[PDB]
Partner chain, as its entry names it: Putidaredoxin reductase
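Below you'll find only one chain, the form deposited without its partner chain, shown as structure tokens.
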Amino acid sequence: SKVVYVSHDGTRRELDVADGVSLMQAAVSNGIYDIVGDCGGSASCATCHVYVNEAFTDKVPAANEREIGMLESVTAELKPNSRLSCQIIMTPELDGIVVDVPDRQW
């Protein structure tokens, strides 16, 4: 399924993500180093921080307690639509989802 990563400079990268793969895994697997997951994807850091486009704010599973807690560690501005990419799991229903990658992760 399609996922679009928009950089701080507006650069857009479209990736084909398989079912069950997190947006973090797909990002690092394709050279999108802006959101490398330091903790490895277990919601133990905040370097995979991204802004989920309002167009898909609800069409995505709500953040859990671990994520909620860790979002406070993000270095980039914490916004209402701030999420941890390693917590967003791809499914056909998310096809076309767009997430903005904060330039800073530290």
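Residue numbers count along the first chain shown, from 1.
Asker: Mean C-alpha B-factor higher for 36-44, or for 54-62?
Answerer: The recorded data point to 54-62.
Asker: If you take the mean CA temperature factor per stretch, which one wins between 22-30 and 63-71?
Answerer: Going by the record's values, the stretch with the higher mean is 63-71.
Another form, the form solved in complex with its partner chain, is not on view; read the next lines as being about it.
Asker: Residue-level question: is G69 within 4.5 Å of its partner chain in the entry with it bound, judged on heavy atoms?
Answerer: Close contact exists here: in the entry with it bound, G69 approaches its partner chain to within 4.5 Å, heavy atoms only.
Asker: Can you check whether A63 is within 4.5 Å of its partner chain in the entry with it bound, heavy atom basis?
Answerer: Outside the cut-off, so no.
Asker: Heavy atoms within 4.5 Å of its partner chain in the entry with it bound: does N53 have any?
Answerer: Taking the distances in the entry with it bound, the answer for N53 is no, it never comes within 4.5 Å of its partner chain.
Asker: Applying a 4.5 Å heavy atom distance criterion, does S44 contact its partner chain in the entry with it bound?
Answerer: Because a heavy atom of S44 falls inside 4.5 Å of its partner chain in the entry with it bound, the answer is yes.
Asker: Taking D58, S82 and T91 as a possible spot, do all three reach its partner chain in the entry with it bound with a heavy atom inside 4.5 Å?
Answerer: Zero of three within 4.5 Å in the entry with it bound.
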